[PDB]
């Protein structure tokens, strides 16, 4: 079984980030190396101020250990990192690897603004991290921050997509992930001919934690199994829609918990056969 490094935050309570990546990627037939970039009592939306461990001095030791133990990784998914130093540490470790797949979710902001504690220093560190990525999955706010364009609710995909590509290696893909078209929500990217493609599914009411994390985990898992980008995005969006639908069907009293994974895990097992 292939090995997938996943580096992102772990919140003990919340059902998002590394806690949701582990079940998904394990079900998708990877041996997951689950590396917290931060450790939190709960995620940061709705439980009050969480108790957090700073892992900035641990990760360097982790990479040094794996290096000496002669561990090698097939594929990697990098999610929320959270500090300039950790971005830089991850960037150089990954450069030491021969990765067949690197997916970066360049978590930086939403609704037109940087997340709290993130400033243009973090933006620069992210631009360095994405340099070897095969695929990046910014939202519309993150795309604008990376290129340095002023935020637009509806940027010109014909302008912003080439601008983003200009920072990636030849053959890599910038996929913008929360693009709305009429009643749809989905992903937009440039095909090999340079034409903007859109892949979406009918938007469901409400807002749900962990959707981007699970989308990234599914995209990484599919690409890692050799599925071309377009059918990968088609399936990820279908799966993304199905998980949100199951979440709604649970009639939850607690709106903080991340998207349900049961129907998604069932779909994965069916794909495996």
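Positions refer to the first chain, counted from 1.
Comparing 6-14 with 246-254, which has the greater mean CA B-factor as deposited? According to the PDB entry, the answer is 246-254.
Return whichever of 84-92 and 193-201 has the greater mean Cα B factor according to the PDB record. It is 193-201 that shows the higher mean C-alpha B-factor.
Highest Cα temperature factor in the entry, among the options 160, 135, 126, 187: which one is it? Highest C-alpha B-factor among the listed residues goes to 160.
Tell me which of 78, 175, 166, 101 tops the list for C-alpha B factor in the record. Highest C-alpha B-factor among the listed residues goes to 166.
Residue 269 CA temperature factor, ranked by third within the chain: It belongs to the middle third of the chain when residues are ordered by C-alpha B-factor.
Among modelled residues of the same chain, the CA temperature factor third for residue 43: Lowest third - that is where residue 43 ends up once the chain's C-alpha B-factors are sorted.
Within this chain, which third does the Cα B-factor at residue 58 fall in: lowest, middle or highest? For residue 58, whose C-alpha B-factor we compare with every modelled residue in the chain, the answer is the middle third.
C-alpha B factor of residue 36, ranked within the chain: lowest, middle or highest third? For residue 36, the deposited C-alpha B-factor lands in the lowest third.
Grab the CA temperature factor for residue 65 from the record and place it in the lowest, middle or highest third of its chain. Within its chain, residue 65 is a lowest-third residue by C-alpha B-factor, going by the deposited values.
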